[PDB]
Amino acid sequence: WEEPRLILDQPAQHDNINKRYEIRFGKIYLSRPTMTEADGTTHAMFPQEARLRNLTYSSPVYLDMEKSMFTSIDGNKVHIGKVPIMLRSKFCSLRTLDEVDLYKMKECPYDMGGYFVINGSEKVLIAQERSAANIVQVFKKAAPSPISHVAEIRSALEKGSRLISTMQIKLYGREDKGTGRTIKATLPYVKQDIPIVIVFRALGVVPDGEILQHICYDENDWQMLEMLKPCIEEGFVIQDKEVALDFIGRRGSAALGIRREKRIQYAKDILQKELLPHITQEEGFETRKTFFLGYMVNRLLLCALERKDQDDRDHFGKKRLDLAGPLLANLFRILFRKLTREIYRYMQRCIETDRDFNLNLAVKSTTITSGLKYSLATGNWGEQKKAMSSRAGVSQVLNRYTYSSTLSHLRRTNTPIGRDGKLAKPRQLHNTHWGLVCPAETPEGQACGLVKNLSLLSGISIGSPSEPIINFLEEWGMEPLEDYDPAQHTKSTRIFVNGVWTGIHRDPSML
Amino acid sequence: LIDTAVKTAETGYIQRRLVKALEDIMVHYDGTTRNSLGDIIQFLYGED
Amino acid sequence: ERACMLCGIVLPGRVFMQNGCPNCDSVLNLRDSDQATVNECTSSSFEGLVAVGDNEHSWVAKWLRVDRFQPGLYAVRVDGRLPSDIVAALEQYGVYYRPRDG
Amino acid sequence: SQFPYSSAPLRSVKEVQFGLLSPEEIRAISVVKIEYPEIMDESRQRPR
Amino acid sequence: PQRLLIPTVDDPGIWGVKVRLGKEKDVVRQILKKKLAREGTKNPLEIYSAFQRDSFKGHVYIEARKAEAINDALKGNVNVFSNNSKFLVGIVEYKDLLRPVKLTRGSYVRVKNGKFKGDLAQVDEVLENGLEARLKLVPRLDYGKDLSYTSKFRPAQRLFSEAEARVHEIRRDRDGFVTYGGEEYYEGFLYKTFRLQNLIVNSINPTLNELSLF
Amino acid sequence: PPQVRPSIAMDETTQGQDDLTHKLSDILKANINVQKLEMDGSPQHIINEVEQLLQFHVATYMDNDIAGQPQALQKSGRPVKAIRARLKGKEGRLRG
Amino acid sequence: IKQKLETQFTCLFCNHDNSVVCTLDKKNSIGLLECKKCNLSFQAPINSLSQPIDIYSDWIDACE
Amino acid sequence: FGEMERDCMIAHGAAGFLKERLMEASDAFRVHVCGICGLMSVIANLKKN
Amino acid sequence: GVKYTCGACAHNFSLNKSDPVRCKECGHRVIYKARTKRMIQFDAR
Amino acid sequence: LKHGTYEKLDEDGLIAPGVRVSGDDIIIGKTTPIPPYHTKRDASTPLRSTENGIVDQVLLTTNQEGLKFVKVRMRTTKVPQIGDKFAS
RNA sequence: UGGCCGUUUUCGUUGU
Ligand SMILES: [Zn+2]
Ligand SMILES: [Zn+2]
Ligand SMILES: [Zn+2]
Ligand SMILES: [Zn+2]
């Protein structure tokens, strides 16, 4: 559903007509794994059969296309590919058959599965780890740098939970060196930084009073006022939305000469979208974005005031574990984009002939199947032609030298921190690990401290719909930001969800 | 554990560098310590 | 696509079969002739893909002698040679021929 | 002892002289000119 | 006379732009279709023609009178590298970008097509149509030893000997002219209709075996 | 000679060509092409581009780790083996 | 110190690329541009946050 | 016969052993050189003398 | 001359390297060879 | 041809289960047609020279692509002796 | 009747 439509057009003039080909993606169909011999004979396949014959426990998939034609003078169940299935999962033969049949089917009742098979090699997925998304962290940079504090945030769309953009606020200036302590923001798809005040103005709050009240919620904290004052001092050449936006668009990393005609809208696009995408993308909701910027800068300054500690980059609560689910999701998305572009190109060099395509010579299901097969075959978690620069070692031959070894191998973790530069913060243990990872287990040598193991009562969140949650919050008197001001709600409790500010409330304890 | 794992490689590197540096110094008959070219580093090895 | 020997216009063989040459069907008789005549007047081989849309003043159009020939795909070079019958018929009607193969 | 009989006298290396190659030197030493990208004559053995 | 048609300053300018490799023909036809569709519209495409020469692979030229005209002639094309890599052309070079640019009977030629690729021959007879040329080859036949081919399992070559084919495996037409399975064998030499695309007549470097035989 | 660039028999009868031999052949191709520009239309720009390509081949043939610019690959996408690699690193001829 | 920048900007009028120099004069808050073929120049006040891209864009807007 | 082994052998000051361990128990080879250019290019045919 | 044994129906038969590799009786596609006839020894140690 | 022995194969080229194998012994004799008599080359699969035991269970089925596709599970028992490893 | 030929490159896991 991410890209549910393919669209073409034809302003054929030879009599001017606009012929539109619009292909729509519909429902997905999944099948139980099935063998098809070279003889054309087909039969439901079983794991043991696979191991014996170097097969692949895979479920061919059928997707519902929808071919449509729109001429203006002014599909079916399509076989797309084969997804390997993890044994004992809901979509494997063995979920049924109870124990007695397993003996018939030559699979030990003890083996808990949980792994895939490809060419007869029992490959396993080592769950990876990543820093939590939609969260604000503060890092002091090294002394030999005009940057003193950094407020990095990696935003990812809640739906899917996929990386979109990464943003940083850098507190420039040194101690009586660098003159005033200017704050210059960094934005996506640009080659140069921008002052904070400029982005405040270009997003709707042009006047200084609104800007300072949004950033600051402690008026008596004169230090904040005087430390952001240099930004105010330099933030006077810009006084309206428009020159601010053009300033942004004048450094849009785009072509040269997009003029004030289209450059302003380029800036408005790069501001509405590509910026804090996890919050929103529609117009008329810049209030949320401005409030979030204000919170970010307030926290950054507070860290710059040493009134609170910088978050520990090894803190586990800020760490998230990627299981097989999302990993396969991302790989499938890459293969899906490739398939979509394949179909679009075939439409290009088959529609001009105006020959009705069969949706069968076009869709090359070989792409998905070969891609997934090779990816899990070598673990090079990406397309073959980009073997280099590809996260490696995420799929490995399962170890069955003993039952306990196999049990451990299926609860392993990993860290994508590499080894170029030893350091010790990533490798060492931490207090937060209490009751979530084994304080006793880890390999030896280069990986010592990286590869972890979940405790004996660990559990991984799969995600729940937040819409009922917000409904409850909204059901319970939460006060939107549009009724928020530092003066009034100086003791009311801000409310956050999934890392995104989502309201204001005064009496939280009952809530 | 981490400390040992880190220290071993660094010690190996330092030992390699040193060995490469002094690898050519030898003691001739005259009692003077010269590298390949003939530079004299100690006129009497170790001063004894 | 087969390029007409005289004007150089190249269009799908179905176009010549159903409509002849856009410029030379009046003198070459491609639309209402046998397949041999069309094939010899339009060989599958051509070179110099020149996309001409404006020719009344285009320098290249004058160069190739396609200023009068309707703008389109024209063949700078064509291999082979026409039979004797087509050349003789064209010379009879006032059309001295010049292959563009160069 | 491993090598067969050879008439040339046997001695050791004393000096190594570095320095580039004069193109006439290369021509004086090369025994062939390379002109054919096709390594294998016609896939009929006997490379070109 | 083409000599009095030489270009001038008042003739339209030309810019040579790079596009996606191999899809130069696609970009050329896209340009033609845009010009034909935008011919006379309120914003007509200000070009005279677009052309590509095979030797200049990846290079596309559009005849316009302003840089933005070339930009919009190449705009809206995915088969073009997004860069506006265009370079002007000298007056003498304008005609050099459109210059178009040895098959005789008894000429030693080699084959490249099908099973008999890489075999030198003599061109025998050229059809009137001018697309197929007869060749004189040394057959590579198996005399019904394994009949119950490609360019990698093929046995060696040898002139047709009628006696061997008679003894092992044949409609004699004339003295030395044998029709054997749709193949013409004159005086022991293989004769077949070879498409001119399948043969090489220029730049043939005779080999040791050819000196021994030819 | 081949002594320095022997070929790898992937599976006995199947023989694959040394990457150095491929780079040598590609340099020969670029050279031959550079020969056949002056005898036909050579609108300056083409000659310069082809010259740069030949220089690029002969360079990556002798160092595939030239700073600042992308490396050369095989049909497999893996970076080429220039002689500088053959001599440097732990596995160079010296330390190897 | 005046910097003479031979930026890759193209000139609108003389149909030549890299024939445009967007000189910087911050001393008096003045913009200067030098062309190489038609030698045209553009003048405009510049502030601390203005850059050759900004001068070029303002020049384009003025020309149109 | 890694670096460190070579260094230990040097330290024990055993020359000839190190020589042969790196010569006869490894790629022992013979060549010819021209005394003028000093290079190995001398084309020789031993049996042909 | 070269006996076999099915993995699904466990009925014996043979083949002469020309028949397709399938069970004659139940059609199954997994087979095993059977024990040789020369004598097998163990020292029980 | 290899330097090892072939006699333990069957008449069709596979070794029967229950036969003892030794180092440098051929267990699977495969032949490749030679691109042009005497036009075949050994493509055997000799046992790892550092192993011994008895062949136990020979499998012979088609691959995904319909060619013969064999598997030989040789076995032996490891007696602890001088030079093993153990751990509490 | 001597004579006699078994890949590389990656990545992984481990071992001291
Ligand atoms: Zn015509
Ligand atoms: Zn100018
Ligand atoms: Zn010499
Ligand atoms: Zn059976």
# chains A, B, ... in the order shown; residues from 1 in each chain; ligands from 1
>>> residues_around(residues="residue 64 (chain J)", least_positions_apart="6", cutoff="8 Å", atoms="only C-alpha atoms (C1' of nucleotides)", output="number ranges by chain")
A: 37-38, 53-55
>>> closest_atom_pairs(of="chain E", to="chain F", cutoff="12 Å", atoms="only C-alpha atoms", output="CSV")
residue,atom,partner,partner_atom,distance
E:15,CA,F:45,CA,11.6
E:16,CA,F:45,CA,9.3
E:17,CA,F:45,CA,10.9
E:18,CA,F:46,CA,11.1
E:53,CA,F:41,CA,10.4
E:54,CA,F:41,CA,11.6
E:55,CA,F:41,CA,8.8
E:56,CA,F:46,CA,7.8
E:57,CA,F:46,CA,9.9
E:58,CA,F:46,CA,10.5
E:59,CA,F:46,CA,9.0
E:85,CA,F:45,CA,11.2
E:86,CA,F:45,CA,10.1
E:87,CA,F:45,CA,7.8
E:88,CA,F:45,CA,9.4
E:89,CA,F:43,CA,7.7
E:90,CA,F:43,CA,8.5
E:91,CA,F:43,CA,11.0
E:92,CA,F:43,CA,9.4
E:93,CA,F:43,CA,6.2
E:94,CA,F:43,CA,9.0
E:95,CA,F:41,CA,9.6
E:96,CA,F:41,CA,5.8
E:97,CA,F:41,CA,7.1
E:98,CA,F:41,CA,9.1
E:99,CA,F:41,CA,7.8
E:100,CA,F:41,CA,10.0
E:101,CA,F:40,CA,7.7
>>> residues_around(residues="residue 71 (chain C)", least_positions_apart="3", cutoff="12 Å", atoms="only C-alpha atoms (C1' of nucleotides)", output="VMD selection string")
(chain C and resid 7 to 11 22 to 23 50 to 58 60 to 62 64 to 68 74) or (chain E and resid 32 to 33 35 to 36 39 48 to 50)
>>> write_last_selection(atoms="C-alpha atoms", output="compact mmCIF listing (two decimals), in the first residue's frame")
# COMPACT_ATOMS: atom_id res chain seq x y z
CA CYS C 7 13.84 10.89 -48.65
CA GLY C 8 15.36 8.78 -45.88
CA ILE C 9 12.14 8.76 -43.85
CA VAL C 10 12.02 5.69 -41.61
CA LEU C 11 8.70 4.49 -40.21
CA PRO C 22 4.70 9.90 -46.16
CA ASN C 23 6.53 11.75 -48.95
CA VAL C 50 18.10 12.53 -37.29
CA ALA C 51 14.97 13.67 -35.44
CA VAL C 52 13.75 16.48 -37.69
CA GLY C 53 10.59 18.30 -36.62
CA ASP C 54 11.28 21.67 -38.23
CA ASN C 55 12.82 21.63 -41.70
CA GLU C 56 11.70 24.72 -43.65
CA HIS C 57 14.72 26.53 -42.17
CA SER C 58 16.68 23.77 -40.42
CA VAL C 60 20.45 19.93 -41.42
CA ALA C 61 17.17 19.55 -43.32
CA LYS C 62 18.59 21.48 -46.27
CA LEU C 64 20.00 16.16 -46.26
CA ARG C 65 17.52 17.48 -48.88
CA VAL C 66 14.63 16.90 -46.45
CA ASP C 67 13.41 20.50 -46.19
CA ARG C 68 10.45 19.51 -48.39
CA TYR C 74 15.62 10.32 -41.63
CA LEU E 32 10.98 14.34 -31.83
CA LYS E 33 7.66 13.56 -30.17
CA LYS E 35 8.64 18.84 -30.90
CA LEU E 36 5.80 17.33 -32.94
CA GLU E 39 4.64 22.36 -32.70
CA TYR E 48 15.07 22.50 -35.52
CA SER E 49 16.16 18.88 -35.09
CA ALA E 50 17.84 16.35 -32.81
>>> interface_residues(of="chain D", to="chain F", cutoff="8 Å", atoms="only C-alpha atoms", output="list in words")
residues 35, 36, 37 and 38 of chain D
>>> interface_residues(of="chain J", to="chain A", cutoff="10 Å", atoms="only C-alpha atoms", output="PyMOL selection string")
chain J and resi 59-67+69-71
>>> write_last_selection(atoms="C-alpha atoms", output="PDB file, in the first residue's frame")
ATOM      1  CA  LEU J  59      21.261 -40.912  -0.599  1.00  0.00           C
ATOM      2  CA  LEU J  60      20.463 -40.478  -4.291  1.00  0.00           C
ATOM      3  CA  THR J  61      17.778 -38.024  -5.378  1.00  0.00           C
ATOM      4  CA  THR J  62      17.198 -35.227  -7.857  1.00  0.00           C
ATOM      5  CA  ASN J  63      18.108 -31.624  -7.139  1.00  0.00           C
ATOM      6  CA  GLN J  64      15.702 -28.737  -7.711  1.00  0.00           C
ATOM      7  CA  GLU J  65      16.843 -28.712 -11.356  1.00  0.00           C
ATOM      8  CA  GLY J  66      16.468 -32.441 -12.003  1.00  0.00           C
ATOM      9  CA  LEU J  67      20.035 -33.747 -11.958  1.00  0.00           C
ATOM     10  CA  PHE J  69      22.398 -35.160  -6.373  1.00  0.00           C
ATOM     11  CA  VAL J  70      24.145 -37.448  -3.909  1.00  0.00           C
ATOM     12  CA  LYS J  71      25.007 -37.422  -0.217  1.00  0.00           C
TER      13      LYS J  71
END
>>> residues_around(residues="residue 54 (chain G)", least_positions_apart="4", cutoff="8 Å", atoms="only C-alpha atoms (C1' of nucleotides)", output="number ranges by chain")
A: 247, 250; G: 50, 58
>>> write_last_selection(atoms="C-alpha atoms", output="PDB file, in the first residue's frame")
ATOM      1  CA  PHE A 247      17.330  32.109   2.303  1.00  0.00           C
ATOM      2  CA  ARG A 250      18.844  29.788  -1.706  1.00  0.00           C
TER       3      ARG A 250
ATOM      4  CA  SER G  50      24.422  36.813   1.946  1.00  0.00           C
ATOM      5  CA  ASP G  58      18.992  38.384  -6.896  1.00  0.00           C
TER       6      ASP G  58
END
>>> atom_distance(atom1="CA of residue 44 (chain I)", atom2="CA of residue 57 (chain J)")
21.4 Å
>>> residues_around(residues="residue 38 (chain G)", least_positions_apart="3", cutoff="9 Å", atoms="only C-alpha atoms (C1' of nucleotides)", output="PDB file with N, CA, C and O atoms, in the first residue's frame")
ATOM      1  N   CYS G  11      26.076  33.049 -17.420  1.00  0.00           N
ATOM      2  CA  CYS G  11      25.471  34.342 -17.686  1.00  0.00           C
ATOM      3  C   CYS G  11      24.211  34.186 -18.522  1.00  0.00           C
ATOM      4  O   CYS G  11      24.187  33.450 -19.512  1.00  0.00           O
ATOM      5  N   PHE G  13      22.886  36.518 -20.378  1.00  0.00           N
ATOM      6  CA  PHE G  13      22.860  37.344 -21.580  1.00  0.00           C
ATOM      7  C   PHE G  13      23.838  36.849 -22.644  1.00  0.00           C
ATOM      8  O   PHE G  13      23.500  36.813 -23.832  1.00  0.00           O
ATOM      9  N   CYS G  14      25.051  36.461 -22.245  1.00  0.00           N
ATOM     10  CA  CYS G  14      26.099  36.156 -23.216  1.00  0.00           C
ATOM     11  C   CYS G  14      26.202  34.677 -23.567  1.00  0.00           C
ATOM     12  O   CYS G  14      27.119  34.302 -24.306  1.00  0.00           O
ATOM     13  N   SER G  19      31.512  32.265 -17.216  1.00  0.00           N
ATOM     14  CA  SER G  19      31.868  33.623 -17.601  1.00  0.00           C
ATOM     15  C   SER G  19      31.309  34.647 -16.624  1.00  0.00           C
ATOM     16  O   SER G  19      31.093  35.802 -17.007  1.00  0.00           O
ATOM     17  N   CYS G  35      31.275  39.863 -15.418  1.00  0.00           N
ATOM     18  CA  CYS G  35      31.116  38.894 -16.489  1.00  0.00           C
ATOM     19  C   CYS G  35      32.360  38.910 -17.363  1.00  0.00           C
ATOM     20  O   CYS G  35      33.087  39.909 -17.409  1.00  0.00           O
TER      21      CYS G  35
END
>>> closest_atom_pairs(of="chain I", to="ligand 4", cutoff="7 Å", atoms="only C-alpha atoms and all ligand atoms", output="tab-separated table")
residue	atom	partner	partner_atom_place_in_ligand_line	distance
I:6	CA	ligand 4	1 (Zn)	4.3
I:7	CA	ligand 4	1 (Zn)	6.2
I:8	CA	ligand 4	1 (Zn)	5.0
I:9	CA	ligand 4	1 (Zn)	3.8
I:10	CA	ligand 4	1 (Zn)	5.5
I:11	CA	ligand 4	1 (Zn)	5.8
I:23	CA	ligand 4	1 (Zn)	4.8
I:24	CA	ligand 4	1 (Zn)	6.8
I:25	CA	ligand 4	1 (Zn)	5.5
I:26	CA	ligand 4	1 (Zn)	4.3
I:27	CA	ligand 4	1 (Zn)	5.9
I:28	CA	ligand 4	1 (Zn)	5.2
>>> write_last_selection(atoms="C-alpha atoms", output="PDB file, in the first residue's frame")
ATOM      1  CA  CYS I   6      12.335 -46.215  -0.641  1.00  0.00           C
ATOM      2  CA  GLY I   7      12.152 -43.600   2.093  1.00  0.00           C
ATOM      3  CA  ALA I   8       8.339 -43.485   2.171  1.00  0.00           C
ATOM      4  CA  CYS I   9       7.100 -47.009   1.382  1.00  0.00           C
ATOM      5  CA  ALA I  10      10.301 -48.993   2.101  1.00  0.00           C
ATOM      6  CA  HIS I  11       9.910 -51.451  -0.786  1.00  0.00           C
ATOM      7  CA  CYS I  23      10.261 -45.052  -6.425  1.00  0.00           C
ATOM      8  CA  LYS I  24       8.785 -47.695  -8.712  1.00  0.00           C
ATOM      9  CA  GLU I  25       5.956 -48.652  -6.352  1.00  0.00           C
ATOM     10  CA  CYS I  26       4.883 -45.425  -4.589  1.00  0.00           C
ATOM     11  CA  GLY I  27       6.632 -42.852  -6.784  1.00  0.00           C
ATOM     12  CA  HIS I  28       8.535 -41.224  -3.928  1.00  0.00           C
TER      13      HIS I  28
END
>>> residues_around(residues="residue 22 (chain H)", least_positions_apart="6", cutoff="10 Å", atoms="only C-alpha atoms (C1' of nucleotides)", output="JSON, numbers by chain")
{"H": [1, 6, 16, 28]}
>>> residues_near_ligand(ligand="ligand 3", cutoff="12 Å", atoms="only C-alpha atoms (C1' of nucleotides) and all ligand atoms", output="list in words")
residues 25, 26, 28 and 29 of chain D; 32, 33, 34, 35, 36, 37, 38, 39, 40, 41, 42 and 43 of chain H
>>> residues_near_ligand(ligand="ligand 2", cutoff="10 Å", atoms="only C-alpha atoms (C1' of nucleotides) and all ligand atoms", output="JSON, numbers by chain")
{"G": [10, 11, 12, 13, 14, 15, 16, 17, 18, 19, 20, 21, 34, 35, 36, 37, 38, 39, 40, 41]}
>>> atom_distance(atom1="CA of residue 20 (chain A)", atom2="CA of residue 4 (chain A)")
15.9 Å
>>> residues_around(residues="region 67-84 of chain F", least_positions_apart="6", cutoff="7 Å", atoms="only C-alpha atoms (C1' of nucleotides)", output="list in words")
residues 385 of chain A; 19, 20, 60 and 61 of chain F
>>> write_last_selection(atoms="C-alpha atoms", output="PDB file, in the first residue's frame")
ATOM      1  CA  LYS A 385      25.470  -5.412  -7.022  1.00  0.00           C
TER       2      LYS A 385
ATOM      3  CA  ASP F  19      41.685  -9.233 -13.186  1.00  0.00           C
ATOM      4  CA  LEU F  20      45.088  -7.877 -14.166  1.00  0.00           C
ATOM      5  CA  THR F  60      43.529   2.166 -11.871  1.00  0.00           C
ATOM      6  CA  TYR F  61      45.661  -0.508 -13.525  1.00  0.00           C
TER       7      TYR F  61
END
>>> atom_distance(atom1="CA of residue 156 (chain E)", atom2="CA of residue 119 (chain E)")
10.7 Å
